[PDB]
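Report on the following structure.
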Amino acid sequence: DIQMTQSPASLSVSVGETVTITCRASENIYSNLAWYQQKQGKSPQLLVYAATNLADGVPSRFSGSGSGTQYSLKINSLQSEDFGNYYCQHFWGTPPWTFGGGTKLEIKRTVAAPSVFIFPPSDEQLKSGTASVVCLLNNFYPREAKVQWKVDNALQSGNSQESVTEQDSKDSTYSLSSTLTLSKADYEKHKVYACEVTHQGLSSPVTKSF
Amino acid sequence: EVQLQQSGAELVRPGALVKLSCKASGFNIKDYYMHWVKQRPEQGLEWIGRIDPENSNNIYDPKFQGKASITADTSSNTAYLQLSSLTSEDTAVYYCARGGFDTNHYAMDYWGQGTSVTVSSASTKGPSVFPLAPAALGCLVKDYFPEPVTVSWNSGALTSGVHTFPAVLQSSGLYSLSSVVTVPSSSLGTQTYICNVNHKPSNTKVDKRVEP
Amino acid sequence: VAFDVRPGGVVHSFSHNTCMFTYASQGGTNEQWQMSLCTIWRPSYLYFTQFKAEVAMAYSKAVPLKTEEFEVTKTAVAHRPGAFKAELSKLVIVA
């Protein structure tokens, strides 16, 4: 079997710059190599085929080069919508016609501070015996952010979960949701509920409370 | 117009078997290979195998160890992927894709939308929908299984400023997801905001009004 | 360029810029062959019921075919019906 080694595994590049992603085959694949783009929750899309040919409807900023064992996908004048995962695949010899490990492309942009919002559990949820307290960090960059939950100023641990959106196709930001879960009994035993946010875009941490 | 229409999401027990379908429109399946591709959560694409529907020749990556069986029905212009002795390693999205027979045509130009397969002994459960009262507001879609949940705002008329987060798996073994929207603070009091939650596995459809 | 020889009995062709290979075959698997520009070869376990390369030497293994197995004409190299022993692994055409 022929193994495909894709490099780099991850990249963060600004709008207008050039991106180069490489694919190395374990042996000569005679230009039988394609490149695909895939966005979150979507099917992969063919970009380049037979190493150097642009697929129908693919923007001209995309190009492929190479021969033998070494291939590259180039993106000239990167656009905000070009973030996602990229994969190479070979079609040489007896199958498997294997894919490379993938390259995750992030759009790099200026630092953007999050807008922070705190939501108490609804009266409807409290009736069921559980309390979910939510903290939203909206439209920020870079992806790295720290959320610390405080209940009557006591630092919380092991009772929260968070998730982050895919990068925005237009403004290249991220949003994050953190949920603090407590029983109704524990929730009613305390008064002050706070979400403290630390991020590169903030001069000092931001606290939202109720 | 070329289209590959795949069958719906599957929830199946460990040790069991599934048969996925891929109906082709706008071309004859005898003129292409039909390939199947696996994608485990947070992982890369992995080629499973293919069938040539003109002669029924089918071949696989040996790593599947005979667990995948690809068939085709030329009368219905449909290809199929059967997966047996299912384990948690088989939980993934499976895509069908057509490809040609020479250098300039091997690459797969048209792909199906994917079929999610979840291997679990857990039962289906519909979500509870709670408001995230307001500027930002939202909906908390809690305690459902299996994935996915779809969320829209004002029947899809409100898209600007909407963030629907990836679900998190709770210690209970059930998922929880939040959907938020940022709106003008002046609209709080006069504008109606409704989140439209749909969880197909449990046939749950909830329209929740979010008020200050 | 690479191209797959598809058994099953349907008559197929592959061409590149011109050199064209037309065949029908039987066997267990689709085989990836190559065309270099004209040389047509398997980098074969298929049984060819017919073969024609158009714009010369034919080989069972890449081992020439017997003279009686094929015919070289004005533009083509083709199997001789009833004499060709169904094994083809390489075709070379200098025009």
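Ligands are numbered from 1 in the order shown, residues from 1 within each chain, and chains are lettered A, B, ... in the order they appear in the structure tokens.
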Q) Could you write out as a VMD selection string the residues of chain B within 9 Å of chain A, counting only C-alpha atoms? A) chain B and resid 43 to 49 59 to 62 95 103 to 114 128 to 137 140 163 to 170 177 to 180 182
Q) What residues in chain A get the DSSP label strand (DSSP E or B)? Please answer as JSON, numbers by chain. A) {"A": [4, 5, 6, 7, 10, 11, 12, 13, 14, 19, 20, 21, 22, 23, 24, 25, 33, 34, 35, 36, 37, 38, 45, 46, 47, 48, 49, 53, 54, 62, 63, 64, 65, 66, 67, 70, 71, 72, 73, 74, 75, 84, 85, 86, 87, 88, 89, 90, 99, 103, 104, 105, 106, 107, 108, 112, 115, 116, 117, 118, 119, 130, 131, 132, 133, 134, 135, 136, 137, 138, 139, 140, 141, 146, 147, 148, 149, 150, 151, 154, 155, 160, 161, 162, 163, 164, 174, 175, 176, 177, 178, 179, 180, 181, 182, 183, 193, 194, 195, 196, 197, 198, 206, 207, 208, 209]}
Q) Could you pull the residues within 10 Å of residue 35 (chain C), counting only C-alpha atoms, minus those fewer than 2 positions along the same chain, as a PyMOL selection string? A) chain C and resi 1-3+14-16+19-21+33+37-42+90-92
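Distance criterion 6 Å to chain C, applied with only C-alpha atoms, yields residues 55, 101, 102 and 103 of chain B on chain B.
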(Q) I need the residues in region 31-160 of chain A that are alpha helix (DSSP H) according to DSSP; give them as a VMD selection string. (A) chain A and resid 123 to 126
Dump N, CA, C and O atoms for the selected residues as a PDB file, in the first residue's frame?
ATOM      1  N   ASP A 123     -36.887  29.404  34.974  1.00  0.00           N
ATOM      2  CA  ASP A 123     -37.794  28.886  35.997  1.00  0.00           C
ATOM      3  C   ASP A 123     -38.323  27.508  35.576  1.00  0.00           C
ATOM      4  O   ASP A 123     -38.447  26.621  36.423  1.00  0.00           O
ATOM      5  N   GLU A 124     -38.554  27.313  34.255  1.00  0.00           N
ATOM      6  CA  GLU A 124     -39.017  26.063  33.648  1.00  0.00           C
ATOM      7  C   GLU A 124     -38.063  24.897  33.977  1.00  0.00           C
ATOM      8  O   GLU A 124     -38.536  23.836  34.395  1.00  0.00           O
ATOM      9  N   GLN A 125     -36.734  25.107  33.831  1.00  0.00           N
ATOM     10  CA  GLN A 125     -35.737  24.076  34.128  1.00  0.00           C
ATOM     11  C   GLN A 125     -35.662  23.756  35.610  1.00  0.00           C
ATOM     12  O   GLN A 125     -35.555  22.586  35.964  1.00  0.00           O
ATOM     13  N   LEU A 126     -35.716  24.785  36.472  1.00  0.00           N
ATOM     14  CA  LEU A 126     -35.654  24.608  37.924  1.00  0.00           C
ATOM     15  C   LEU A 126     -36.720  23.640  38.449  1.00  0.00           C
ATOM     16  O   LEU A 126     -36.417  22.838  39.330  1.00  0.00           O
TER      17      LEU A 126
END
Q: Can you pull out every residue within 12 Å of residue 205 (chain B), counting only C-alpha atoms, but drop anything in the same chain fewer than 4 positions away, and send it as a PyMOL selection string?
A: chain B and resi 126-129+141+149-152+195-201
For N, CA and C atoms, I'd like the residues from the last selection saved as an mmCIF file, in the first residue's frame.
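Here's the written file out_0.cif:
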data_model
loop_
_atom_site.group_PDB
_atom_site.id
_atom_site.type_symbol
_atom_site.label_atom_id
_atom_site.label_comp_id
_atom_site.auth_asym_id
_atom_site.auth_seq_id
_atom_site.Cartn_x
_atom_site.Cartn_y
_atom_site.Cartn_z
ATOM 1 N N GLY B 126 -35.659 12.499 23.408
ATOM 2 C CA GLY B 126 -35.912 13.846 22.919
ATOM 3 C C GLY B 126 -35.428 14.916 23.874
ATOM 4 N N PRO B 127 -35.064 16.115 23.363
ATOM 5 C CA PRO B 127 -34.580 17.176 24.263
ATOM 6 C C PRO B 127 -35.656 18.005 24.960
ATOM 7 N N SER B 128 -35.241 18.676 26.032
ATOM 8 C CA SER B 128 -36.018 19.667 26.754
ATOM 9 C C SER B 128 -35.449 20.997 26.228
ATOM 10 N N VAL B 129 -36.316 21.971 25.920
ATOM 11 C CA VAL B 129 -35.865 23.258 25.381
ATOM 12 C C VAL B 129 -36.145 24.354 26.397
ATOM 13 N N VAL B 141 -30.853 23.431 24.507
ATOM 14 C CA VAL B 141 -31.422 22.175 24.019
ATOM 15 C C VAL B 141 -30.716 21.075 24.816
ATOM 16 N N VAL B 149 -29.345 17.641 16.595
ATOM 17 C CA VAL B 149 -30.431 18.590 16.820
ATOM 18 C C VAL B 149 -30.190 19.758 15.812
ATOM 19 N N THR B 150 -31.263 20.254 15.163
ATOM 20 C CA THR B 150 -31.170 21.413 14.273
ATOM 21 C C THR B 150 -31.871 22.556 14.978
ATOM 22 N N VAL B 151 -31.305 23.754 14.885
ATOM 23 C CA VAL B 151 -31.893 24.932 15.503
ATOM 24 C C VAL B 151 -31.957 26.042 14.453
ATOM 25 N N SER B 152 -33.112 26.704 14.351
ATOM 26 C CA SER B 152 -33.280 27.881 13.511
ATOM 27 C C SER B 152 -33.934 28.949 14.375
ATOM 28 N N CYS B 195 -36.986 30.171 18.894
ATOM 29 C CA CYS B 195 -36.034 29.179 18.414
ATOM 30 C C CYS B 195 -36.824 27.952 17.999
ATOM 31 N N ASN B 196 -36.496 27.406 16.835
ATOM 32 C CA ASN B 196 -37.163 26.242 16.269
ATOM 33 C C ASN B 196 -36.217 25.078 16.337
ATOM 34 N N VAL B 197 -36.467 24.208 17.315
ATOM 35 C CA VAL B 197 -35.651 23.032 17.611
ATOM 36 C C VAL B 197 -36.300 21.799 17.009
ATOM 37 N N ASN B 198 -35.507 21.006 16.298
ATOM 38 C CA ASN B 198 -35.945 19.757 15.710
ATOM 39 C C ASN B 198 -34.917 18.660 16.003
ATOM 40 N N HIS B 199 -35.381 17.558 16.603
ATOM 41 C CA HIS B 199 -34.583 16.363 16.865
ATOM 42 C C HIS B 199 -35.341 15.231 16.162
ATOM 43 N N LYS B 200 -34.890 14.874 14.936
ATOM 44 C CA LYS B 200 -35.498 13.833 14.105
ATOM 45 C C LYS B 200 -35.574 12.460 14.773
ATOM 46 N N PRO B 201 -34.503 11.918 15.433
ATOM 47 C CA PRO B 201 -34.612 10.564 16.015
ATOM 48 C C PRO B 201 -35.790 10.331 16.963
#
Q) Interatomic distance between CA of residue 1 (chain B) and CA of residue 58 (chain A)? A)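 Value for the CA of residue 1 (chain B)-CA of residue 58 (chain A) distance: 17.5 Å.
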(Q) Which residue is closest to chain A? Choose from C:12, C:55, C:43, C:68 and count only C-alpha atoms. (A)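 Closest to chain A, using only C-alpha atoms: C:43.
Computed from the coordinates, the CA of residue 149 (chain A) to CA of residue 187 (chain A) distance equals 13.3 Å.
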**Q.** Nearest-residue call for chain A, choices C:18, C:31, C:93, C:62, using only C-alpha atoms
**A.**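 Among C:18, C:31, C:93, C:62, it is C:31 that comes nearest to chain A.
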Q: May I have the residues within 7 Å of region 68-70 of chain A as a ChimeraX atom specification, using only C-alpha atoms and disregarding those fewer than 4 positions away in the same chain?
A: /A:23-31
Q) At what distance in Å, to one decimal, does CA of residue 119 (chain B) lie from CA of residue 12 (chain B)? A) 5.0 Å
Q. In terms of the shortest atom-to-atom distance over only C-alpha atoms, which of C:24, C:85, C:54, C:36 is closest to chain A?
A.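 For chain A, the nearest of the given residues is C:36.
The residue that comes closest to chain C, out of A:93, A:54, A:3, A:12 and on the basis of only C-alpha atoms, is A:93.
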